[PDB]
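Enquirer: Shown below is the structure under consideration.
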Amino acid sequence: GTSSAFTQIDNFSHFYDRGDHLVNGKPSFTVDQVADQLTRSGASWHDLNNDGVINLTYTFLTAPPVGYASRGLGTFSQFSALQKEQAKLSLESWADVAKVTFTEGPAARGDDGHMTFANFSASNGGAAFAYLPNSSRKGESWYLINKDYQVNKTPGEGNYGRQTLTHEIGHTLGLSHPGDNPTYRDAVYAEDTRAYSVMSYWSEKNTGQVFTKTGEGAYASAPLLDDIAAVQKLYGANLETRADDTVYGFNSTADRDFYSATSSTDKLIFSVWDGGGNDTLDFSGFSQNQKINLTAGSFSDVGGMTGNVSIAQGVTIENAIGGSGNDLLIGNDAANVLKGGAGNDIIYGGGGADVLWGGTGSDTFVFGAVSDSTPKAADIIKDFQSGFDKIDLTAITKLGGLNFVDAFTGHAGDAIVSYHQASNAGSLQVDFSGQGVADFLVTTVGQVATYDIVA
Ligand SMILES: [Ca+2]
Ligand SMILES: [Ca+2]
Ligand SMILES: [Ca+2]
Ligand SMILES: [Ca+2]
Ligand SMILES: [Ca+2]
Ligand SMILES: [Ca+2]
Ligand SMILES: [Ca+2]
């Protein structure tokens with residue numbers, strides 16, 4: 001029997017689990033399983049000049065290629081500057097995660113391949129299409145534009161015009177669509193929605209995520225969690241990308257339109273890829289109840305939306321800052337700095353010595369294991385407010401309570417609450433194993449009382 005606060009943390013940390021179960025009658029695939037699914041055609045570019053990176057060049061077509069007329073595409077036109085600008089941003093977002101480089105220029109001798117972008121006008125061509133890297137027309141992608149279909153004319157962060165570019169380019173890199181009029185009912189796995197992969201034809205609503213409301217459209221601009229794993233499986237991860245301390249979200253330093261927020265109404269949808277350093281997910285500008293998880297491969301509910309933000313497999317984000325709402329913050333095994341913000345927050349540091357800030361409001365610092373805060377690597381609550389904040393240990397004690405004493409007696413369950421009214425430093429020591437010495441330590445900036453502990 002643990003507290004309600006712990007249940008909420010545990011519940012959310014498992015809310016998006018994948019693999020070995022059925023979801024909507026369909027098998028749930030893990031990220032790894034999906035990466036095999038998205039690259040099942042076996043097609044990809046080869047490294048001809050041997051140097052561990054695929055060097056592709058691309059051209060914005062100026063004139064129709066030889067035999068163009070026979071394609072049935074109608075009037076040929078070239079990319080406008082807007083499209084070229086957006087195309088470069090999408091290409092960039094792929095280069096960021098996998099070892100693939102893209103350079104604007106004519107087909108050269110030392111390239112591994114060449115790509116072309118162009119527009120057509122005959123709707124019978126479809127909204128847009130690309131070719132796999134093992135076909136005669138490899139590297140080509142085409143975009144419909146006419147009076148009746150206008151989405152490719154104004155692509156921009158967040159709209160389908162931008163996702164199309166990202167989607168089609170993914171296809172030219174070798175990624176297949178999640179499955180082979182069809183609907184989500186025909187998908188092979190459960191996570192085949194736009195919430196996990198930009199290659200999917202189905203909306204996030206099929207998997208329960210909530211990004212927007214009828215009338216408005218919100219689309220991920222860059223590769224999502226499954227896309228990232230599928231492309232790195234193909235070309236290897238790019239560990240040089242943002243390998244220095246990076247901030248995502250508000251006050252962002254990632255220099256990418258899709259990782260950037262400047263307003264409380266912003267609708268973020270992204271998957272973090274990062275090379276290393278001490279990193280932060282800053283969601284301070286939002287006022288909605290958020291739920292942030294710093295676990296690699298996990299999802300978070302940000303800025304009033306659900307399952308819209310995730311962290312790629314093999315990535316470690318160190319810090320997270322909540323917003324004005326009553327948030328849940330979950331750390332990982334690294335030393336995390338977690339700031340709650342205003343509102344009533346539930347913070348779970350995890351393993352390692354964590355720096356925790358509750359901010360204003362009545363906050364709860366939850367602990368699920370003795371190994372979460374030991375004397376060697378002890379947590380520190382920089383702003384504990386006695387009489388308002390609580391230190392929840394129920395997941396450990398299971399509500400058996402603690403025995404507050406002045407000195408350890410050797411009986412398991414003994415706890416000592418100290419305070420140095422000069423440094424304003426307080427601490428909680430506990431002997432869970434009853435080995436006569438403290439095996440759990442939690443220090444704080446601010447006096448802690450015995451009634452501020454929930455055990
Ligand atoms: Ca190469
Ligand atoms: Ca970084
Ligand atoms: Ca890092
Ligand atoms: Ca908050
Ligand atoms: Ca708070
Ligand atoms: Ca931690
Ligand atoms: Ca900890």
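Lettering and numbering for the structure tokens are positional, with chains as A, B, ... in the shown order, residues counted from 1 in each chain, and ligands counted from 1 in the shown order.
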Skipping near chain neighbours, those fewer than 2 positions away, what residues fall within 9 Å of residue A:404 using only C-alpha atoms, listed as a list in words?

Expert: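 Selected residues are residues 402, 406, 407, 413, 414, 415, 416, 417, 430 and 450 of chain A.
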
Enquirer: Each residue of chain A with at least one atom at most 6 Å from ligand 5 should appear once, together with its nearest atom pair and the corresponding distance in Å (one decimal); atoms considered: only C-alpha atoms and all ligand atoms; ordering: chain, then increasing residue number; output as a Markdown table.

Expert:
```
| residue | atom | partner | partner_atom_place_in_ligand_line | distance |
| --- | --- | --- | --- | --- |
| A:340 | CA | ligand 5 | 1 (Ca) | 4.6 |
| A:341 | CA | ligand 5 | 1 (Ca) | 4.5 |
| A:342 | CA | ligand 5 | 1 (Ca) | 4.3 |
| A:343 | CA | ligand 5 | 1 (Ca) | 4.4 |
| A:344 | CA | ligand 5 | 1 (Ca) | 4.7 |
| A:345 | CA | ligand 5 | 1 (Ca) | 4.7 |
| A:358 | CA | ligand 5 | 1 (Ca) | 4.6 |
| A:359 | CA | ligand 5 | 1 (Ca) | 4.5 |
| A:360 | CA | ligand 5 | 1 (Ca) | 4.8 |
| A:361 | CA | ligand 5 | 1 (Ca) | 4.6 |
| A:363 | CA | ligand 5 | 1 (Ca) | 5.3 |
```

Enquirer: Go ahead and dump the residues you just picked, N, CA and C atoms, as a compact mmCIF listing (two decimals), in the first residue's frame.

Expert:
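part31.txt, freshly written:
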```
# COMPACT_ATOMS: atom_id res chain seq x y z
N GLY A 340 10.16 21.80 -10.27
CA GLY A 340 8.73 21.72 -10.40
C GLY A 340 8.03 22.95 -10.98
N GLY A 341 8.32 24.14 -10.46
CA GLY A 341 7.64 25.33 -10.96
C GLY A 341 6.46 25.65 -10.05
N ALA A 342 5.53 26.50 -10.47
CA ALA A 342 4.40 26.78 -9.58
C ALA A 342 3.47 25.57 -9.61
N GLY A 343 2.44 25.56 -8.78
CA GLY A 343 1.52 24.43 -8.78
C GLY A 343 2.00 23.28 -7.90
N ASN A 344 1.15 22.28 -7.71
CA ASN A 344 1.49 21.14 -6.86
C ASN A 344 2.08 19.98 -7.60
N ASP A 345 3.40 19.91 -7.52
CA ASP A 345 4.17 18.89 -8.21
C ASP A 345 4.64 17.68 -7.44
N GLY A 358 11.22 22.21 -5.67
CA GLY A 358 9.78 22.12 -5.76
C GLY A 358 9.13 23.41 -6.24
N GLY A 359 9.77 24.55 -6.02
CA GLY A 359 9.17 25.81 -6.43
C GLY A 359 8.04 26.18 -5.49
N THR A 360 7.13 27.04 -5.91
CA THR A 360 6.03 27.41 -5.05
C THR A 360 4.98 26.31 -5.13
N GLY A 361 3.92 26.39 -4.32
CA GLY A 361 2.91 25.34 -4.32
C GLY A 361 3.28 24.24 -3.33
N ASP A 363 4.51 20.77 -2.83
CA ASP A 363 5.17 19.72 -3.57
C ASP A 363 5.50 18.45 -2.83
```

Enquirer: Find the residues near ligand 2. Use a cut-off of 6 Å, count only C-alpha atoms and all ligand atoms, and write them as a PyMOL selection string.

Expert: chain A and resi 242-246+274-277+279

Enquirer: Could you dump the residues just selected with N, CA, C and O atoms as an mmCIF file, in the first residue's frame?

Expert:
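Dumped to out_8.cif:
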```
data_model
loop_
_atom_site.group_PDB
_atom_site.id
_atom_site.type_symbol
_atom_site.label_atom_id
_atom_site.label_comp_id
_atom_site.auth_asym_id
_atom_site.auth_seq_id
_atom_site.Cartn_x
_atom_site.Cartn_y
_atom_site.Cartn_z
ATOM 1 N N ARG A 242 24.762 18.120 -31.416
ATOM 2 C CA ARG A 242 24.494 18.746 -30.133
ATOM 3 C C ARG A 242 25.154 17.962 -28.992
ATOM 4 O O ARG A 242 24.487 17.588 -28.042
ATOM 5 N N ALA A 243 26.465 17.724 -29.078
ATOM 6 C CA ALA A 243 27.181 16.957 -28.048
ATOM 7 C C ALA A 243 27.606 17.762 -26.817
ATOM 8 O O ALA A 243 28.245 17.231 -25.901
ATOM 9 N N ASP A 244 27.223 19.037 -26.821
ATOM 10 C CA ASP A 244 27.492 20.013 -25.759
ATOM 11 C C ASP A 244 26.183 20.307 -25.020
ATOM 12 O O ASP A 244 25.124 20.093 -25.568
ATOM 13 N N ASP A 245 26.253 20.816 -23.797
ATOM 14 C CA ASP A 245 25.050 21.127 -23.014
ATOM 15 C C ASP A 245 23.931 21.765 -23.850
ATOM 16 O O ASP A 245 24.065 22.901 -24.291
ATOM 17 N N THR A 246 22.822 21.051 -24.043
ATOM 18 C CA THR A 246 21.726 21.568 -24.853
ATOM 19 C C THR A 246 20.410 21.758 -24.104
ATOM 20 O O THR A 246 20.055 20.967 -23.228
ATOM 21 N N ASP A 274 20.282 13.472 -29.029
ATOM 22 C CA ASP A 274 21.338 14.280 -28.448
ATOM 23 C C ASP A 274 22.633 13.482 -28.296
ATOM 24 O O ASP A 274 22.601 12.322 -27.907
ATOM 25 N N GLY A 275 23.765 14.121 -28.588
ATOM 26 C CA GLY A 275 25.061 13.460 -28.517
ATOM 27 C C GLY A 275 25.758 13.342 -27.172
ATOM 28 O O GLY A 275 26.616 12.485 -27.007
ATOM 29 N N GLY A 276 25.406 14.202 -26.220
ATOM 30 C CA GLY A 276 26.012 14.151 -24.898
ATOM 31 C C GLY A 276 26.051 15.532 -24.272
ATOM 32 O O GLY A 276 25.710 16.506 -24.923
ATOM 33 N N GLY A 277 26.476 15.625 -23.013
ATOM 34 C CA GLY A 277 26.530 16.915 -22.358
ATOM 35 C C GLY A 277 25.503 16.944 -21.260
ATOM 36 O O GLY A 277 24.847 15.951 -20.987
ATOM 37 N N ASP A 279 22.096 18.101 -20.315
ATOM 38 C CA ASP A 279 20.904 18.622 -20.976
ATOM 39 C C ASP A 279 19.628 18.889 -20.212
ATOM 40 O O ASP A 279 19.368 18.304 -19.161
#
```

Enquirer: Tell me which of A:405, A:127, A:329, A:393 sits closest to ligand 6, counting only C-alpha atoms and all ligand atoms.

Expert: A:329

Enquirer: List as a list in words the protein and nucleic acid residues near residue A:336, meaning an atom at most 7 Å away when only C-alpha atoms are counted, but skip any in the same chain fewer than 4 places from it.

Expert: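 In the requested format, the answer is residues 318, 319, 331, 349, 354 and 355 of chain A.
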
Enquirer: Would you write out, as JSON lines, a table of all residues in chain A that have an atom no more than 10 Å from an atom of ligand 6, listing for each the closest atom pair and the distance in Å to one decimal, considering only C-alpha atoms and all ligand atoms and ordering rows by chain and rising residue number?

Expert:
```
{"residue": "A:294", "atom": "CA", "partner": "ligand 6", "partner_atom_place_in_ligand_line": "1 (Ca)", "distance": 8.9}
{"residue": "A:295", "atom": "CA", "partner": "ligand 6", "partner_atom_place_in_ligand_line": "1 (Ca)", "distance": 9.7}
{"residue": "A:318", "atom": "CA", "partner": "ligand 6", "partner_atom_place_in_ligand_line": "1 (Ca)", "distance": 8.0}
{"residue": "A:319", "atom": "CA", "partner": "ligand 6", "partner_atom_place_in_ligand_line": "1 (Ca)", "distance": 9.2}
{"residue": "A:330", "atom": "CA", "partner": "ligand 6", "partner_atom_place_in_ligand_line": "1 (Ca)", "distance": 8.3}
{"residue": "A:331", "atom": "CA", "partner": "ligand 6", "partner_atom_place_in_ligand_line": "1 (Ca)", "distance": 4.9}
{"residue": "A:332", "atom": "CA", "partner": "ligand 6", "partner_atom_place_in_ligand_line": "1 (Ca)", "distance": 4.5}
{"residue": "A:333", "atom": "CA", "partner": "ligand 6", "partner_atom_place_in_ligand_line": "1 (Ca)", "distance": 4.4}
{"residue": "A:334", "atom": "CA", "partner": "ligand 6", "partner_atom_place_in_ligand_line": "1 (Ca)", "distance": 4.6}
{"residue": "A:335", "atom": "CA", "partner": "ligand 6", "partner_atom_place_in_ligand_line": "1 (Ca)", "distance": 4.7}
{"residue": "A:336", "atom": "CA", "partner": "ligand 6", "partner_atom_place_in_ligand_line": "1 (Ca)", "distance": 4.8}
{"residue": "A:337", "atom": "CA", "partner": "ligand 6", "partner_atom_place_in_ligand_line": "1 (Ca)", "distance": 8.2}
{"residue": "A:338", "atom": "CA", "partner": "ligand 6", "partner_atom_place_in_ligand_line": "1 (Ca)", "distance": 9.1}
{"residue": "A:348", "atom": "CA", "partner": "ligand 6", "partner_atom_place_in_ligand_line": "1 (Ca)", "distance": 8.0}
{"residue": "A:349", "atom": "CA", "partner": "ligand 6", "partner_atom_place_in_ligand_line": "1 (Ca)", "distance": 4.6}
{"residue": "A:350", "atom": "CA", "partner": "ligand 6", "partner_atom_place_in_ligand_line": "1 (Ca)", "distance": 4.1}
{"residue": "A:351", "atom": "CA", "partner": "ligand 6", "partner_atom_place_in_ligand_line": "1 (Ca)", "distance": 4.3}
{"residue": "A:352", "atom": "CA", "partner": "ligand 6", "partner_atom_place_in_ligand_line": "1 (Ca)", "distance": 4.7}
{"residue": "A:353", "atom": "CA", "partner": "ligand 6", "partner_atom_place_in_ligand_line": "1 (Ca)", "distance": 6.5}
{"residue": "A:354", "atom": "CA", "partner": "ligand 6", "partner_atom_place_in_ligand_line": "1 (Ca)", "distance": 5.5}
{"residue": "A:355", "atom": "CA", "partner": "ligand 6", "partner_atom_place_in_ligand_line": "1 (Ca)", "distance": 8.8}
{"residue": "A:356", "atom": "CA", "partner": "ligand 6", "partner_atom_place_in_ligand_line": "1 (Ca)", "distance": 9.9}
{"residue": "A:372", "atom": "CA", "partner": "ligand 6", "partner_atom_place_in_ligand_line": "1 (Ca)", "distance": 7.6}
{"residue": "A:373", "atom": "CA", "partner": "ligand 6", "partner_atom_place_in_ligand_line": "1 (Ca)", "distance": 9.2}
{"residue": "A:379", "atom": "CA", "partner": "ligand 6", "partner_atom_place_in_ligand_line": "1 (Ca)", "distance": 8.8}
```

Enquirer: Please identify the strand (DSSP E) residues within stretch 18-200 of chain A (assignment by DSSP from backbone atoms) and present them as a PyMOL selection string.

Expert: chain A and resi 22-23+26-27+54-60+100-104+113-120+128-130+140-144

Enquirer: Tell me, counting only C-alpha atoms and all ligand atoms, for each residue of chain A within 10 Å of ligand 1, which pair of atoms is nearest and how far apart they are in Å to one decimal, in rows ordered by chain and increasing number, as a tab-separated table.

Expert:
```
residue	atom	partner	partner_atom_place_in_ligand_line	distance
A:45	CA	ligand 1	1 (Ca)	9.5
A:46	CA	ligand 1	1 (Ca)	7.6
A:47	CA	ligand 1	1 (Ca)	4.3
A:48	CA	ligand 1	1 (Ca)	5.6
A:49	CA	ligand 1	1 (Ca)	4.8
A:50	CA	ligand 1	1 (Ca)	5.2
A:51	CA	ligand 1	1 (Ca)	5.0
A:52	CA	ligand 1	1 (Ca)	6.0
A:53	CA	ligand 1	1 (Ca)	4.8
A:54	CA	ligand 1	1 (Ca)	4.4
A:55	CA	ligand 1	1 (Ca)	5.1
A:56	CA	ligand 1	1 (Ca)	8.3
A:99	CA	ligand 1	1 (Ca)	9.6
A:100	CA	ligand 1	1 (Ca)	8.6
A:101	CA	ligand 1	1 (Ca)	9.1
A:110	CA	ligand 1	1 (Ca)	7.8
A:111	CA	ligand 1	1 (Ca)	6.8
A:112	CA	ligand 1	1 (Ca)	5.8
A:113	CA	ligand 1	1 (Ca)	9.3
```

Enquirer: Among stretch 154-361 of chain A, which ones does DSSP place in helix (DSSP H, G or I), written as a PyMOL selection string?

Expert: chain A and resi 160-173+184-186+204-207+225-235+257-259

Enquirer: Kindly indicate which residue among A:396, A:381, A:247, A:428 lies nearest to ligand 7, using only C-alpha atoms and all ligand atoms for the distances.

Expert: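 Nearest to ligand 7: A:381.
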
Enquirer: For residue A:71, please output as a PyMOL selection string all residues within 12 Å (counting only C-alpha atoms; exclusion window: fewer than 4 positions along the same chain).

Expert: chain A and resi 64-67+75-76+120-122+124-125+137+142

Enquirer: Please dump the current selection as an mmCIF file, in the first residue's frame; keep N, CA, C and O atoms.

Expert:
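In the end it all went to out_13.cif:
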```
data_model
loop_
_atom_site.group_PDB
_atom_site.id
_atom_site.type_symbol
_atom_site.label_atom_id
_atom_site.label_comp_id
_atom_site.auth_asym_id
_atom_site.auth_seq_id
_atom_site.Cartn_x
_atom_site.Cartn_y
_atom_site.Cartn_z
ATOM 1 N N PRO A 64 12.880 19.629 -66.618
ATOM 2 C CA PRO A 64 12.391 18.252 -66.526
ATOM 3 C C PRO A 64 13.413 17.242 -67.069
ATOM 4 O O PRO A 64 14.034 17.455 -68.119
ATOM 5 N N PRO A 65 13.615 16.129 -66.351
ATOM 6 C CA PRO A 65 14.584 15.158 -66.851
ATOM 7 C C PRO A 65 14.139 14.538 -68.171
ATOM 8 O O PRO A 65 13.007 14.743 -68.634
ATOM 9 N N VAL A 66 15.059 13.793 -68.774
ATOM 10 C CA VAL A 66 14.803 13.095 -70.017
ATOM 11 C C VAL A 66 13.636 12.124 -69.817
ATOM 12 O O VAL A 66 13.611 11.375 -68.833
ATOM 13 N N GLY A 67 12.681 12.154 -70.753
ATOM 14 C CA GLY A 67 11.522 11.276 -70.690
ATOM 15 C C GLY A 67 10.466 11.670 -69.670
ATOM 16 O O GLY A 67 9.581 10.861 -69.339
ATOM 17 N N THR A 75 2.262 19.438 -66.087
ATOM 18 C CA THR A 75 3.218 20.542 -66.059
ATOM 19 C C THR A 75 4.276 20.485 -64.973
ATOM 20 O O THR A 75 3.983 20.367 -63.770
ATOM 21 N N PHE A 76 5.515 20.608 -65.413
ATOM 22 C CA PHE A 76 6.656 20.593 -64.518
ATOM 23 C C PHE A 76 6.987 22.003 -63.993
ATOM 24 O O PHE A 76 6.942 22.975 -64.752
ATOM 25 N N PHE A 120 5.064 18.804 -59.835
ATOM 26 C CA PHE A 120 4.252 18.445 -60.980
ATOM 27 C C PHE A 120 2.857 18.999 -60.697
ATOM 28 O O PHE A 120 2.574 19.465 -59.589
ATOM 29 N N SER A 121 1.981 18.968 -61.691
ATOM 30 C CA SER A 121 0.657 19.537 -61.506
ATOM 31 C C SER A 121 -0.512 18.608 -61.742
ATOM 32 O O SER A 121 -1.629 18.952 -61.419
ATOM 33 N N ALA A 122 -0.278 17.436 -62.311
ATOM 34 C CA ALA A 122 -1.400 16.539 -62.570
ATOM 35 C C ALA A 122 -1.724 15.634 -61.383
ATOM 36 O O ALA A 122 -1.008 14.671 -61.095
ATOM 37 N N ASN A 124 -3.396 13.190 -60.875
ATOM 38 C CA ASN A 124 -3.318 11.736 -60.999
ATOM 39 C C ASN A 124 -1.960 11.231 -60.564
ATOM 40 O O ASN A 124 -1.742 10.027 -60.479
ATOM 41 N N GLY A 125 -1.041 12.152 -60.288
ATOM 42 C CA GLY A 125 0.266 11.740 -59.819
ATOM 43 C C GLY A 125 0.270 11.447 -58.315
ATOM 44 O O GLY A 125 1.176 10.778 -57.809
ATOM 45 N N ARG A 137 15.074 5.094 -60.347
ATOM 46 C CA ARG A 137 14.833 6.502 -60.069
ATOM 47 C C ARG A 137 15.192 6.869 -58.642
ATOM 48 O O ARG A 137 14.592 7.778 -58.072
ATOM 49 N N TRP A 142 8.859 13.797 -55.667
ATOM 50 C CA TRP A 142 8.032 14.729 -56.404
ATOM 51 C C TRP A 142 6.856 15.269 -55.582
ATOM 52 O O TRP A 142 6.314 14.582 -54.710
#
```

Enquirer: Check the smallest atom-to-atom distance from each of A:266, A:239, A:433, A:438 to ligand 3 using only C-alpha atoms and all ligand atoms, then report the winner.

Expert: A:239

Enquirer: Expressed in Å to a single decimal, how great is the separation between atom CA of residue A:346 and atom CA of residue A:375?

Expert: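 Value for the atom CA of residue A:346-atom CA of residue A:375 distance: 22.7 Å.
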
Enquirer: Restricting the calculation to only C-alpha atoms and all ligand atoms: of A:368, A:325, A:436, A:285, which residue gets closest to ligand 4?

Expert: A:325

Enquirer: Mind checking which residues fall within 8 Å of residue A:105, counting only C-alpha atoms, ignoring those fewer than 2 positions away in the same chain, and posting them as a VMD selection string?

Expert: chain A and resid 57 to 59 103 107

Enquirer: Figure out the distance between atom CA of residue A:206 and atom CA of residue A:182, please, to one decimal in Å.

Expert: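 Between atom CA of residue A:182 and atom CA of residue A:206 the gap works out to 14.1 Å.
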
Enquirer: I'd like the contact shell of residue A:202 - 7 Å cut-off, only C-alpha atoms, skipping same-chain residues fewer than 3 positions apart - returned as a list in words.

Expert: residues 184, 192, 193 and 194 of chain A

Enquirer: Would you pick out the contacts of residue A:232 at 8 Å or less, using only C-alpha atoms, so that residues sharing its chain but fewer than 3 positions from it are not included, and give the list as an MDAnalysis selection string?

Expert: chainID A and resid 97:99 228:229 235:238

Enquirer: For residue A:30, which of A:79, A:196, A:365, A:102 is the closest residue, counting only C-alpha atoms?

Expert: A:196
